[PDB]
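# Structural features, examined
Letter by letter, the chains look like this.
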Amino acid sequence: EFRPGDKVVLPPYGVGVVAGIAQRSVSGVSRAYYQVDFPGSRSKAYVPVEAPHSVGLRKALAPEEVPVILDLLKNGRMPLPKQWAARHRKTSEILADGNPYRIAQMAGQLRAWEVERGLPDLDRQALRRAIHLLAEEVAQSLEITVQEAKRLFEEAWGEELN
DNA sequence: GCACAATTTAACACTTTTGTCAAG
């Protein structure tokens, strides 16, 4: 369940607070619907209360989960196919998937490769867009704007952030 | 869309020609 003021995630919307629940008229009878808003978008969202766990509606990590993610961010890697197709495809799916542990785990190998040989014009967006959801997630949990939030990664990276 | 061989270009170290000056 999600109360009015719960801090949640709605892929790929990064983070947003739930405003409440309402009966939206969809087709036939109106099932209950959760409401996820994003002030840094001015968008809007309606999430069915039936199976919230099927839309990948997770919740912002707690301040306790910062170090673990950082540790899997600095070191943790993972092999990927050589031809750009499968590799970038996988990375993309992982991105839209909305999984901070997987996005960070990915960011690790992507980082190891970026300063070695160097990152293709594709995997670059697959890195940037990856660090984006992270930097904002940190801003949701620790309530510190993308300035400070991005200032976090600098430690477990070795370099600053864009 | 990308790794890369192919070929072009700007890069530059340096040699030789050509305009030039004070003095016969």
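The residue numbers you see begin from 1 on each chain and track the sequence as written, which may not match the entry, and residues missing coordinates are not shown. All chains are assigned letters beginning with A, and all ligands numbers beginning with 1, in the order in which they are written. Only a portion of a larger assembly is displayed here, and every value given applies to that displayed portion alone. No hydrogens and no water enter the side-chain calculation; it runs on all heavy atoms of the structure.

Structure determination for this entry is recorded as X-ray crystallography, at 4.01 Å resolution.

You'll find chain A entered in the PDB entry as CarD-like transcriptional regulator, with Thermus thermophilus JL-18 given as the organism. According to the PDB record, the title of this entry is "Crystal structure of T. aquaticus transcription initiation complex with CarD containing upstream fork promoter".

All right, on to the protein's contact with DNA strand B then. We call a residue near a molecule or strand when any one of its heavy atoms sits within 4 Å of it. Around DNA strand B, the surrounding shell consists of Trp84, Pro120, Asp121 and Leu122. Side-chain atoms alone can form a polar contact between residues adjacent in sequence; in general such a contact is a pair of N or O atoms within 3.5 Å, and within protein one must be able to donate a hydrogen while the other accepts it. A distance of 3.2 Å separates a phosphate oxygen of DNA strand B from a polar backbone atom of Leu122. The residue makeup of the surface near DNA strand B, split by class, is three nonpolar, no polar and one charged. Here the term charged refers only to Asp, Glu, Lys and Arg, the term nonpolar to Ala, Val, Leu, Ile, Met, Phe, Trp, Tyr, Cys and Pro, and the term polar to all other amino acids, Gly among them.

Pairing between strands is defined by DSSP: at least two bridges between the two strands are required. Numbering of helices and strands runs from the N terminus, with a helix taken as a DSSP run of H or I at least four residues long and a strand as a DSSP run of E at least two residues long. Strand direction decides the pairing type here: strand β2 (residues 15–23) and strand β3 (residues 32–37), joined by six bridges, are antiparallel. The partner of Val17 across the bridge, within β3, is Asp37.

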